[PDB]
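Input: a single structure, listed below in C-alpha cells.
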Amino acid sequence: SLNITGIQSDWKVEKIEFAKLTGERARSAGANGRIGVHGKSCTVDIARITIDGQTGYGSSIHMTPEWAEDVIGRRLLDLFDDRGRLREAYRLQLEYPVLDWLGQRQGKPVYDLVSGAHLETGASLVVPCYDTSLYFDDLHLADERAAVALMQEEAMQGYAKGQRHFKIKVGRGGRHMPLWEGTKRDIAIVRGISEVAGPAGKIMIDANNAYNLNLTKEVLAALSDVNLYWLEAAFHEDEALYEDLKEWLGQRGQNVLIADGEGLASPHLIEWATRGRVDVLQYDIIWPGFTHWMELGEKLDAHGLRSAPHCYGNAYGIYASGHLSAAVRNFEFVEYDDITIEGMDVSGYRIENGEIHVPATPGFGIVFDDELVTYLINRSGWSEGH
Ligand SMILES: [Mg+2]
Ligand SMILES: [Mg+2]
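Mind the numbering: the sequence shown is residues 2 to 387 in the deposited numbering, read in order.
Structure (C-alpha cells):
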C-alpha cells in the first residue's frame, strides 16, 4: 500500500552508511518471568542511505559492508516489486532508511505514504499507547506492602508523563520467587497499579510464559475487579489451552483479550487466531518489520483480528509503530518505553492522555544529528559508496 508512483527511474542508491546509536531508558528495568535484569542502557543500529543526493535515516539490522557494497548503484525502483512492496531481501537492512528517504523527498510523513481507508489525509495521527516499563523491580523487597508501594510509584512516574494504560510483568513465581508467594505478589502488584491508573486505565498483564493454564485461571479470577484489557504470554501458545481459557472466560463474562506472538512464535499462531483462540497478534516491529506488518495487518484486519506490534529493546520501533497504525485498521497500541538516544531527536512526538501524537513532518519525523552520526560512522561504523 506504499505510494511509489512518483519514484523516478534515474533515482539510484549512491551511499550507505551505518552506526550504532546509544542512550538510556528513563528507569532501569528489572527481571521478567523468564530472565534477569534488563538494565538501563539502550542502543539503536542505524543506517543512513543516500539516494539522488538526499539522505534518509532509520533502523537497520543484518547489514554488512559487503552486503551494502552490492546495493550501491541500484535504482531505487528495482528494490521494489511491481506490487509496490519492498523486496524481502532488502527489508531488515533498508526498509526504514528508504521509507524515511521517500518521505523526505516527497515531503510527507510515512503514515501519509502508507495510509489506509480509515485515516483521511490531513488529519493528525494520534495513536493509543501504554507504559511497558513495569518489570519485576520489587524483587529485593521481602515485604509485600513495600513491593506494592514501589511498583505504584513506578506507574505514577508514567502517569505523570501522560501514560494512562499500563502493561505489568507478572509470573514472579515461575522462577524468581517461590511459586505461591510470587503469584500472590503478582496479584498484589497488579491491584496496586490498578489504583494508580484508575477505572479508565487499561491494564495489561504479561507473564512471559511463566504460568500454566490453572495458574492463569487463578490469577484472572483474583483480578476480576481490575480493568484487565489483555493477557499476554500466559504460557507458550497452544491452541487447546487457549480454547479452554476462552471458554472459561466466556462462562464468567470476563472480558479479557488474549495477546501473543512475540519471540519464537508458533508457525500456526495466526491460524489459531482465526479460529478465535487468540485476539491480538504481537510480531516485532523491527523483525519481521514494517513492510511485513503492512501486509500482515491487512490480512488480520480482514479476519477481524487485532494488531499490537512488539517494540521492546529498540527505541526506534516505538515511532515506526505509530506510523504503522495509519495502515492497520485494528491497530491496538504503541508499546512505549521512555528512552533517550543521543543524536536521535524525537521531540516531534508527544505523549498525552494515554496517546502518542505523531508529528506531520517528513519521513518518520525523527531528526537525527547529522554531524554526530557522521562522527560515529567514522569512529566505529562504516560506509559504502560516495
Ligand atoms: Mg511480552
Ligand atoms: Mg508466545
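By construction, the Cβ of each residue, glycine as well, lies at the ideal position given by its N, Cα and C atoms.
Report task. May I ask you to verify whether the segment 65-78 touches the segment 106-120, counting CB pairs closer than 8 angstroms and requiring at least 3? Result -> no
**Report entry** Same chain, Cβ closer than 7 angstroms to residue 152, neighbours up to 5 away in sequence not counted
**Finding:** Within the sequence shown, numbered from 1, the residue matching residue 152 stands at position 151. So the list reads 135, 138, 139, 190, 193 and 194, once near-sequence residues are dropped.
Query - Residues whose Cβ lies closer than 7 angstroms to any heavy atom of ligand 2, in chain order - result: 210, 234, 237, 238, 261, 262, 263, 264 and 266
Requested in this report: Would you kindly check if the distance between the Cβ of residue 312 and the Cβ of residue 296 is under 9 angstroms?
Outcome: Start at 1 with the first residue of the sequence shown, and residue 296 comes out as number 295. Start at 1 with the first residue of the sequence shown, and residue 312 comes out as number 311. Cβ atoms of residue 296 and residue 312: not closer than 9 angstroms.
Query raised in the report: In its own chain, which residues sit with a C-beta less than 7 angstroms from the C-beta of residue 46, not counting the 5 before and 5 after it?
Result: On the sequence shown, residue 46 is found 45 positions in, with the first residue counted as 1. Excluding sequence neighbours, residue 46 sits near 21, 60, 61 and 62.
Query raised in the report: Can at least three beta-carbon pairs, one atom from the segment 30-42 and one from the segment 170-189, be found at a separation below 8 angstroms?
Result: yes
Query raised in the report: Which residues share a DSSP beta bridge with residue 231?
Result: Reading the sequence shown from its first residue, position 230 is the one you call residue 231. Residue 231 is bridged to 205 and 258.
Requested in this report: Quick one: which unbroken alpha helix (DSSP H) runs of 4-plus residues sit fully inside the segment 56-106? Chain order, please.
Outcome: 66-72
Query raised in the report: To the nearest whole angstrom, what separates the beta carbons of residue 354 and residue 106, a pair I think is in contact under 8 angstroms?
Result: Translated into the one-based positions of the sequence shown, residue 354 becomes position 353. Translated into the one-based positions of the sequence shown, residue 106 becomes position 105. Not confirmed; about 34 angstroms, so no contact.
Requested in this report: Can you grab the Cα-Cα spacing for the pair residue 1 / residue 219, in whole Å?
Outcome: Outside the shown range of the chain (2 to 387) lies residue 1, about which nothing can therefore be said.
Query raised in the report: Can residue 352 and residue 306 be called in contact, C-beta distance under 9 angstroms?
Result: For this step, residue 352 is matched to residue 351 along the sequence shown. For this step, residue 306 is matched to residue 305 along the sequence shown. No, these two residues do not count as a Cβ contact at 9 angstroms.
Query raised in the report: For residue 322, does the count of other Cβ atoms within 10 angstroms reach 16, so buried, or fall short, so exposed?
Result: Translated into positions along the sequence shown, residue 322 becomes position 321. Residue 322 comes out buried.
Query raised in the report: Who does residue 46 pair with in a DSSP beta bridge?
Result: For the purposes of this step, residue 46 is identified with residue 45 of the sequence shown, where counting begins at 1. Answer by DSSP bridge pairing, in chain order: 21.
Query raised in the report: Skipping 5 residues on each side, what residues in its chain have a beta carbon closer than 8 angstroms to that of residue 373?
Result: Locating residue 373 in the sequence shown gives position 372, where the first residue counts as 1. Result list for residue 373: 343 and 344, in chain order.
Query raised in the report: For residue 345, which beta-bridge partners are listed by DSSP?
Result: Against the sequence shown, residue 345 aligns to sequence position 344. For residue 345, which the question treats as bridged, DSSP gives the partners 369.
Report task. State yes or no: is the C-beta of residue 286 within less than 9 angstroms of the C-beta of residue 315? Result -> Indexing the sequence shown from 1 puts residue 286 at position 285. Indexing the sequence shown from 1 puts residue 315 at position 314. Yes, the Cβ-Cβ distance between residue 286 and residue 315 is below 9 angstroms.
Report task. Indicate whether residue 320 and residue 290 have their beta-carbon atoms separated by less than 9 angstroms. Result -> Numbered from its first residue, the sequence shown carries residue 320 at position 319. Numbered from its first residue, the sequence shown carries residue 290 at position 289. No. Outside cutoff.
Query - Whole-angstrom distance between residue 262 and residue 236, CA atom to CA atom - result: Numbered from its first residue, the sequence shown carries residue 236 at position 235. Numbered from its first residue, the sequence shown carries residue 262 at position 261. If I take the Cα positions, the gap works out to 11 angstroms.
Query raised in the report: Taking buried to mean at least 16 other C-beta atoms within 10 Å of its own C-beta, is residue 326 buried or exposed?
Result: The residue labelled residue 326 in the question sits at position 325 within the sequence shown. Buried: at least 16 other Cβ atoms inside 10 Å.
Requested in this report: Ignore the nearest five residues each way along the sequence and tell me which others in residue 17's own chain have a CB closer than 7 angstroms to its CB.
Outcome: By 1-based counting over the sequence shown, the position of residue 17 is 16. Here the set comprises 48, 50, 69, 72, 73, 385 and 386.
Requested in this report: Go ahead and pull the three-state DSSP assignment for residue 273.
Outcome: What you label residue 273 is simply residue 272 of the sequence shown in a count that begins at 1. Three-state DSSP puts residue 273 in a helix.
Query raised in the report: ligand 1 heavy atoms versus the CB of residue 311: any closer than 8 angstroms?
Result: Within the sequence shown, numbered from 1, the residue matching residue 311 stands at position 310. Within the cutoff, so yes.
Query - Of the listed residues 129, 317, 156 and 357, nearest to residue 97 (C-alpha basis) - result: Locating residue 97 in the sequence shown gives position 96, counting from the first residue. Minimum Cα distance to residue 97 is reached at 317.
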